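Participant:
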Amino acid sequence: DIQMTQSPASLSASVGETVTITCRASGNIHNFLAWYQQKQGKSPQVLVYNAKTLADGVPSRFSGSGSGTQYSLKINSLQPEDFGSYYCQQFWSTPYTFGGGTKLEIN
Amino acid sequence: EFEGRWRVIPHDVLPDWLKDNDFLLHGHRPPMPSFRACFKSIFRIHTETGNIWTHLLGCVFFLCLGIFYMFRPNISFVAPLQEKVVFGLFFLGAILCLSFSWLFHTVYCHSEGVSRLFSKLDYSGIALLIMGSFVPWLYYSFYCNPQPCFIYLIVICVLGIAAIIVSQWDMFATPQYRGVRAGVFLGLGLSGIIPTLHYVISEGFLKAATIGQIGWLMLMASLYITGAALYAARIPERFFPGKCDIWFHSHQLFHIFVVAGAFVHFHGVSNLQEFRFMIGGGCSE
Amino acid sequence: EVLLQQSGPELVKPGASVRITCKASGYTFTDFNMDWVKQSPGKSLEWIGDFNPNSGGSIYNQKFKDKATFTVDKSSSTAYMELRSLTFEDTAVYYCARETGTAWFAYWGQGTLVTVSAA
Ligand SMILES: CCCCCCCC/C=C/CCCCCCCC(=O)OC[C@@H](O)CO
Ligand SMILES: CCCCCCCC/C=C/CCCCCCCC(=O)OC[C@@H](O)CO
Ligand SMILES: CCCCCCCC/C=C/CCCCCCCC(=O)OC[C@@H](O)CO
Ligand SMILES: CCCCCCCC/C=C/CCCCCCCC(=O)OC[C@@H](O)CO
Ligand SMILES: CCCCCCCC/C=C\CCCCCCCC(=O)OC[C@@H](O)CO
Ligand SMILES: CCCCCCCC/C=C\CCCCCCCC(=O)OC[C@@H](O)CO
Ligand SMILES: CCCCCCCC/C=C\CCCCCCCC(=O)OC[C@@H](O)CO
Ligand SMILES: CCCCCCCC/C=C\CCCCCCCC(=O)OC[C@@H](O)CO
Ligand SMILES: CCCCCCCC/C=C\CCCCCCCC(=O)O
Ligand SMILES: [Zn+2]
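Protein chains in written order, with the working numbering: chain L, 1 to 107; chain V, 1 to 285; chain X, 1 to 119.
(1) Taking only runs that begin and end inside the segment 33-107 of chain X, name each unbroken beta strand (DSSP E) of 3 or more residues, in chain order.
(2) What is the DSSP secondary structure of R24 of chain L, counted as helix, strand or coil?
(3) Identify every run of the alpha helix (DSSP H) within the segment 4-85 of chain V, keeping only runs that are complete inside it and at least 4 residues long; order them along the chain.
(4) Would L159 of chain V and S133 of chain V be called neighbours here (beta carbons separated by less than 8 angstroms)?
(5) Taking CB distances under 8 angstroms as the criterion, tell me whether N107 of chain L reaches chain V.
(6) I'd like the ranges of any alpha helix (DSSP H) spanning at least 4 consecutive residues and lying wholly in the segment 112-163 of chain V.
(7) How about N21 of chain V: is its Cβ closer than 7 angstroms to a heavy atom in ligand 10?
(8) Helix, strand or coil for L78 of chain L? Go by DSSP, reduced to three states.
(9) Step through the CB atoms of chain X and report whether any lies within less than 8 angstroms of the CB of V13 of chain V.
(10) I want to check one thing, is the minimum distance from the CB of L117 of chain V to the heavy atoms of ligand 6 below 7 angstroms?
(11) Any heavy atom of ligand 5 closer than 7 angstroms to the CB of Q82 of chain V?
(12) Here's a check: name, in chain order, each residue in its chain whose Cβ is nearer than 6 angstroms to the Cβ of residue 123 of chain X, leaving out the five neighbours to either side.
(13) If you follow the alpha helix (DSSP H) that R181 of chain V is in, where does it begin and where does it stop?
(14) So, under 8 angstroms CB-CB, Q6 of chain X and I20 of chain X are touching, yes? Tell me the CB distance rounded to an integer number of Å.
(15) Tell me whether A163 of chain V counts as near ligand 8, meaning its Cβ is closer than 7 angstroms to at least one heavy atom of that ligand.
(16) Scan the segment 49-64 of chain X for residues whose Cβ lies nearer than 7 angstroms to a Cβ of chain V and list them as they occur along the chain.
(17) If you count every other CB in all the chains shown that lies within 10 Å of the CB of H110 of chain V, and 16 or more means buried, which is it?
(18) One question on the structure: do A232 of chain V and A182 of chain V come within less than 8 angstroms of each other, judged by their Cβ atoms?
(19) Tell me, to the nearest whole angstrom, how far the beta carbon of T22 of chain L is from that of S7 of chain L; I am working on the premise that it is less than 8 angstroms.
(20) Looking at the unbroken alpha helix (DSSP H) that takes in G261 of chain V, where does it start and where does it end?
(21) What first and last residue would you give for the alpha helix (DSSP H) that runs through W216 of chain V?
(22) Suppose the cutoff is 7 angstroms on Cβ atoms and the five residues either side in sequence are ignored; what does the same chain contact list for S76 of chain V look like?
(23) Is the beta carbon of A262 of chain V sitting closer than 8 angstroms to the one on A127 of chain V?
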């Protein structure tokens with residue numbers, strides 16, 4: 001099984017700032033990576049898939065990068081609605097795994 | 001196996017860069033940014049299986065054929081070294097065209113960037129095969145008339161390079177320019193009409209027919225036109241949408257016309273080569 | 001639009017069983033694989049398994065092999081997930097998520113909350 005290590009576990013930033021969430025896979029996942037955003041009580045929504053493909057309806061503020069085992073999600077110019085939990089997921093090898101999550105709070 | 005597991009997807013859920021033919025409704029590969037996943041798909045059934053294998057089996061055929069040509073005894077040549085070079089240039093164009101094509105078709109579903117890059121190689125490959133095919137046929141047609149042999153080699157090279165430059169254009173890759181693409185490459189091959197008419201004027205009808213040129217050229221003109229026509233008009237998937245997703249769509253048939261077309265061309269130029277051996281280098285004509 | 005509609009919250013007793021319903025609409029059901037995700041309170045997401053509506057085959061995560069059973073009703077485009085021999089560890093929000101060729105999830109159900117209580 002592939003382990004997904006997401007960092008930082010939590011962070012708080014101000015509106016208009018840039019944040020970077022890193023993800024580390026225990027093995028090569030060949031760019032088969034997805035990023036999700038989850039609002040309190042609500043269901044997760046896909047932000048980025050295939051490591052760098054921006055999902056339909058998602059603002060250009062969100063950008064995914066990386067290859068091999070090191071992947072990143074960047075949020076430029078933070079907006080108030082950006083608060084919530086963020087998760088990475090690998091779909092290269094079964095069983096599919098998610099990162100521990102990153103809790104984002106806005107000030 | 002459980003790595004890079006994937007399923008075929010309907011046309012409607014495809015990204016923009018993967019929508020080339022809306023008459024192929026199901027059986028598409030989804031975007032996968034893994035070269036490992038892409039190369040494994042060669043042994044999977046999808047819209048690109050036929051397109052890949054036709055120019056993969058075709059690539060080894062011209063490689064094996066080109067190799068055997070280099071090892072033929074020079075006892076049979078009237079200038080084995082410069083002779084083997086003209087054929088070599090045709091073989092170079094034929095191998096590069098078929099190599100770039102099957103590679104493009106394999107890595108087509110990878111990403112937008114990889115797809116853009118390999119499509120430009122695919123288009124450039126077509127022009128290289130057309131320029132390469134002109135090199136042997138001409139050398140033999142204008143054997144005793146070097147000045148027009150020289151100009152026509154310069155003309156096809158200027159046009160072929162121009163066609164390669166056109167193929168670097170983004171709008172060229174779009175399905176709106178399917179007919180523009182068909183006409184540009186068709187015009188490159190059909191430009192041969194000028195050197196052919198010049199040849200017929202100088203040598204005459206009997207000469208052109210007896211040597212066998214009129215025949216073989218008509219077959220070439222036919223394969224070029226039919227192949228371009230099928231490609232441009234999307235026949236037969238235009239008549240049966242959702243019935244030719246895996247086997248016998250226009251692109252697959254077009255890929256087959258290329259293999260047969262390059263082989264028919266080879267047969268004709270190989271014959272001119274044998275005709276030259278009989279009459280010899282000397283030309284009191 | 002593609003919508004995934006799950007059944008309402010369930011309050012069960014230890015050792016009981018539940019069946020979670022996923023009603024899919026807006027696309028051809030057999031065309032895409034359906035996945036099941038578990039989310040324990042305050043915790044991260046876990047992958048239970050994947051189900052193929054066309055083939056009928058399923059792949060379960062080793063952790064949930066004895067816990068979960070995936071079923072389908074092809075006529076009404078519905079996916080089902082049965083959870084057996086429930087304990088306090090099984091108190092979570094269970095999701096249905098749809099694949100699109102590869103296992104990245106564009107569509108998710110609203111989630112079904114399963115509460116195990118002997119109270
Ligand atoms: C252009 C080659 C011409 C001759 C044909 C040779 C083809 C041989 C087939 C090779 C299949 C190799 C597939 C494997 C390629 C792996 C590259 C990749 O996608 O890496 C992603 C991550 O691993 C990055 O860390
Ligand atoms: C017998 C002859 C065989 C012919 C082999 C043909 C191979 C030639 C093609 C090479 C492509 C090399 C790169 C292959 C790997 C893709 C690179 C990439 O990530 O591209 C992103 C873009 O931004 C690039 O600008
Ligand atoms: C007197 C000059 C004419 C005769 C010599 C020419 C011989 C034929 C040459 C064949 C090789 C093909 C070279 C083709 C070169 C194409 C360059 C090109 O389009 O570059 C743009 C891209 O890099 C970026 O988009
Ligand atoms: C001795 C000099 C004579 C110069 C004038 C005549 C030269 C020929 C003129 C051609 C202009 C177009 C008229 C004919 C139009 C069709 C041209 C063509 O593609 O050839 C048809 C062949 O494929 C049939 O097998
Ligand atoms: C004896 C003459 C030479 C014969 C060998 C010819 C081999 C093939 C030559 C040229 C291929 C045409 C150039 C085409 C090369 C790929 C397109 C490109 O330049 O892409 C730029 C990308 O970064 C944008 O996506
Ligand atoms: C002297 C070279 C010309 C003769 C050989 C012709 C055959 C090769 C033609 C084209 C190769 C591709 C050129 C296109 C330029 C992009 C290459 C590329 O993607 O590099 C990988 C990096 O992005 C990541 O490391
Ligand atoms: C928006 C413009 C494109 C619309 C689609 C046009 C389709 C044309 C392409 C292929 C099918 C017709 C080929 C066969 C019939 C045309 C006659 C011919 O020999 O013309 C070839 C060249 O002289 C043309 O430069
Ligand atoms: C594969 C590379 C060659 C590409 C060829 C492109 C040029 C156009 C090809 C063919 C045009 C049609 C043939 C041209 C025919 C010229 C007249 C001729 O000699 O025919 C009369 C005989 O019936 C007398 O008995
Ligand atoms: C020497 C090869 C003989 C050619 C016969 C094969 C069939 C016709 C070939 C080329 C005509 C050009 C029209 C098609 C070009 C579009 C292809 C593409 O853009 O992928
Ligand atoms: Zn092709």
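Every residue, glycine too, gets a C-beta built ideally from N, C-alpha and C.
Facilitator: In brief:
(1) Scanning the segment 33-107 of chain X from its first residue to its last, the whole beta strand (DSSP E) runs of 3-plus residues come out as 34-39, 45-51, 58-60, 68-73, 78-83, 92-100.
(2) Strand, per DSSP.
(3) For the segment 4-85 of chain V, whole alpha helix (DSSP H) runs of length 4 or above, ordered along the chain, are 35-40, 49-70.
(4) For the pair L159 of chain V and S133 of chain V, the CB atoms are not nearer than the 8 angstroms cut-off.
(5) Proximity of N107 of chain L to chain V, defined by a Cβ-Cβ separation below 8 angstroms, is not satisfied.
(6) Counting whole runs of 4 or more residues, the segment 112-163 of chain V contains the alpha helix (DSSP H) stretches 112-141.
(7) Outside the cutoff, so no.
(8) In this structure, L78 of chain L counts as coil in the three-state DSSP scheme.
(9) True, the Cβ-Cβ gap to chain X drops below 8 angstroms.
(10) At least one heavy atom of ligand 6 is nearer than 7 angstroms to the Cβ of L117 of chain V, so yes.
(11) Flag unset: Cβ of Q82 of chain V not near ligand 5.
(12) The shown model of chain X, from 1 to 119, leaves out residue 123 of chain X, and the question about it has no answer.
(13) From DSSP, the alpha helix (DSSP H) with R181 of chain V extends over 178-190.
(14) Between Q6 of chain X and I20 of chain X a beta carbon distance of about 6 angstroms is seen, short of the 8 angstroms cut, so the two are scored as contacting.
(15) No - ligand 8 has no heavy atom lying nearer than 7 angstroms to the Cβ of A163 of chain V.
(16) Hits within the stretch: zero.
(17) Buried: at least 16 other Cβ atoms inside 10 Å.
(18) Cβ atoms of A232 of chain V and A182 of chain V: closer than 8 angstroms.
(19) Sure, about 5 angstroms apart at Cβ, within 8 angstroms.
(20) 250-279 is the span of the alpha helix (DSSP H), which, as asked, contains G261 of chain V.
(21) That run of the alpha helix (DSSP H) goes 213-233.
(22) For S76 of chain V, where only same-chain residues beyond five positions count, the Cβ hits under 7 angstroms are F277.
(23) No, the Cβ-Cβ distance between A262 of chain V and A127 of chain V is not below 8 angstroms.
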